[PDB]
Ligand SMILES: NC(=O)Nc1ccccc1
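Take a look at this one chain, the form solved without 1-phenylurea (PHU), written out in structure tokens.
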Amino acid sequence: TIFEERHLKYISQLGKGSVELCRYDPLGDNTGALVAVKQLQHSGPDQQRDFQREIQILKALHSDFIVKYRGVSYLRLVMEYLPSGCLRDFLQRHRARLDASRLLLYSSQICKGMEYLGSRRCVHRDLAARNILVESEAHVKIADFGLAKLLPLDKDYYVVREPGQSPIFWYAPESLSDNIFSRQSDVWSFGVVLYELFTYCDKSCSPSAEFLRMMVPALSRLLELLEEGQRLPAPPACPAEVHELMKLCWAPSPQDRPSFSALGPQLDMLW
């Protein structure tokens, strides 16, 4: 649970702070285990405080569908390494091999991870295929908890001061208009993840490419589009039942969206 800095050997960059692939090699002979290590590159007590908040959240999550916390190095967050990487690239790389049943299995696993996060009063805020990791051909896990927040016991939503820095195409209308985040805005984002799964993350029909094609500031143009009732089109060859669940996740009002507890059994039935 406590990793000595001197024994964490740098291998390569895994992506964005930053996540590096390291070998925890106390024997110094290149035989030690591989770990994914996150660290900040910018000071400031706020980014440092935000980082400490993320570590406390992840350490307290225990689920087969959430990336495993391993420990800290005093500074660095150590997690399990998943060499298959993000679901977005995996889907692009394996499109000709994964069928609808497999996509439904991933959808069900993400939904179960989200149901659990909601039970912990945790709002993820950045659910997207690029933030989901692949453990194996038949198992995915939610990762990237850097924007996650815990809801106080007496309030089921949070208001952020500054608008998001993430690509705008995953945000719920209330997040775009009023910077409001909740477990219900995570359901909206999950509807975008179902879309990503069913397009195999094809860049030509991606949430950014398609919304920009359908689309004055861009944020305001997208908010206008959504408020009119316009939505992303059903992915090519998408099962009708799956497209109907996406539309429910995209209900204009947060209270009308199904909960992850309601979504789970429906995804399992389709699978």
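For every residue, the number given is its place in the sequence shown, counted from 1. The term rigid core refers to the most C-alpha atoms you can superpose between the two forms while keeping them within 1.5 Å.
Farther from the shown form on average, by C-alpha root mean square after a core fit in 4 other deposited structures of this protein, is 150 to 158, of the stretches 113 to 121 and 150 to 158.
Farther on average from this form in 4 other deposited structures of this protein lies stretch 24 to 32, the comparison being between 24 to 32 and 49 to 57 by RMS Cα distance after core superposition.
For residue 163, the fraction of other compared entries lacking coordinates, among those that model flanking residues, reaches at least a third. In the deposited sequence, the stretch from residue 34 to residue 35 has no residues without coordinates, so the chain runs on without a break.
The mean C-alpha temperature factor is higher for 165 to 173 when 119 to 127 and 165 to 173 are set side by side. In this crystal structure, the stretch out of 89 to 97 and 140 to 148 whose C-alpha atoms carry the higher mean B factor is 89 to 97. As recorded in the PDB entry, 221 shows the highest C-alpha B-factor of the residues 68, 231, 221, 38. Among the modelled residues of its chain, residue 180 has a C-alpha B-factor that falls in the middle third according to the deposited record. In the deposited entry, the Cα temperature factor of residue 197 sits in the bottom third of values across the chain's modelled residues. Split the chain's modelled residues into thirds by C-alpha temperature factor. Residue 57 is in the lowest one. For residue 216, the recorded CA B-factor ranks within the highest third of the chain. Only modelled residues enter the ranking. Sort the modelled residues of the chain by CA B factor and residue 246 lands in the lowest third.
Although not depicted, the form deposited with 1-phenylurea (PHU) bound is the subject of the following passage.
Using a 4.5 angstroms limit between non-hydrogen atoms, residue 192 touches 1-phenylurea (PHU) in the deposited bound form. When contacts are judged by a 4.5 Å heavy atom cut-off, residue 232 counts as touching 1-phenylurea (PHU) in the deposited bound form. Within this chain, residue 222 lines the site of 1-phenylurea (PHU) in the deposited bound form, having a heavy atom no more than 4.5 Å away. At the 4.5 Å threshold, heavy atoms of residue 32 stay clear of 1-phenylurea (PHU) in the deposited bound form, well away from it. Of the listed positions (188, 181, 198, 106), a single one reaches within 4.5 angstroms of 1-phenylurea (PHU) by any non-hydrogen atom in the deposited bound form, namely 188. Exactly one listed residue, out of 226, 245, 57, 238, brings a non-hydrogen atom to within 4.5 Å of 1-phenylurea (PHU) in the deposited bound form: 226. Relative to 1-phenylurea (PHU) in the deposited bound form, residues 207, 214 and 250 are all within 4.5 Å by at least one heavy atom.
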